[PDB]
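Asker:
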Amino acid sequence: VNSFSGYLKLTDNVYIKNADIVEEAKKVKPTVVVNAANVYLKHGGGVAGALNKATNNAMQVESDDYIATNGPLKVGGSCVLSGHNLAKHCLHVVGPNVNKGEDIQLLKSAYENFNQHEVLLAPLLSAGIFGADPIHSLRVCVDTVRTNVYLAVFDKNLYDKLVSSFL
Ligand SMILES: OC[C@@H](Nc1ncnc2[nH]ccc12)[C@H]1CCOC1
Ligand SMILES: [Cl-]
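What follows is the structure, given as structure tokens:
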């Protein structure tokens, strides 16, 4: 039993809800919130900009130190940093950004990072401003993640389309 509320159960381990991931994280304070990161951990827009804003830019300050020490992430890769006021930890995961010409096959590699954590609150990787098809992102999530994932979909119209088209 965990404190996630109002989710539709898609499979044994995947759950989905129309929700603002920022507001969800503040309410649940999960062990792990997933950020839709880029390799530079520059949290400007989309989920990343919203999460970073909610931390009063502390996420960005921490991230800049991480990059100065370690260099950029790989597309498909991840790092664990603080969750600040939103969660215990933030798993920054880089899905491919189609608007940059990155290989969509890397989406599966990106979701594999979730398997290192027993329970996560997450967005759909590569969706929104990363330009991939969200129906595809959900399919890859369900077929790749084996740990318990609670997906927040910000857009209600998209949420309804995601549920009604789910196989
Ligand atoms: O990963 C892309 C998604 N973006 C977010 N998801 C959840 N919470 C969010 N807050 C701000 C942006 C954001 C798209 C895909 C479906 O719905 C929005
Ligand atoms: Cl987005």
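Sequential numbering from 1025 applies to the sequence shown in full-length UniProt numbering.
Backbone N, C-alpha and C define an ideal beta-carbon position, used for all residues, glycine too.
#1: For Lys1033, which residues does DSSP report across the bridge?
#2: Within 10 angstroms of the Cβ of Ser1087, are there 16 or more other Cβ atoms? Answer buried if so, exposed if not.
#3: Please find out if some non-hydrogen atom of ligand 1 comes closer than 7 Å to the beta-carbon of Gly1030.
#4: Which residue wins for smallest C-alpha separation from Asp1179, given the options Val1038, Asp1044, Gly1030?
#5: Contact between the stretch 1035 to 1054 and the stretch 1120 to 1136 is defined here as three or more beta-carbon pairs at a separation below 8 Å; is this criterion met?
#6: So, with DSSP's three-state summary, where would you put residue 1196?
#7: Does the stretch 1108 to 1123 come into contact with the stretch 1142 to 1151, if we say contact requires no fewer than three beta-carbon pairs (one atom in each stretch) closer than 8 Å?
Answerer: Once the coordinates are examined:
#1: Position 9 of the sequence shown, counted from the start, is the residue given in the question as residue 1033. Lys1033 pairs with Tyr1039.
#2: As a first step, residue 1087 is located in the sequence shown; it is residue number 63 there, counting from the start. Per the 10 Å Cβ criterion, buried.
#3: By one-based count along the sequence shown, residue 1030 stands at place 6. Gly1030 Cβ: outside cutoff for every heavy atom of ligand 1.
#4: One-based indexing of the sequence shown puts residue 1179 at position 155. The shortest C-alpha to C-alpha distance from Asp1179 to any of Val1038, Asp1044, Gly1030 is the one to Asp1044.
#5: The stretch 1120 to 1136 and the stretch 1035 to 1054 do not touch, with fewer than three beta-carbon pairs separated by less than 8 Å.
#6: Given that the chain is displayed from residue 1025 to residue 1191, the structure contains no residue 1196 and the question cannot be resolved.
#7: Short answer: they touch.
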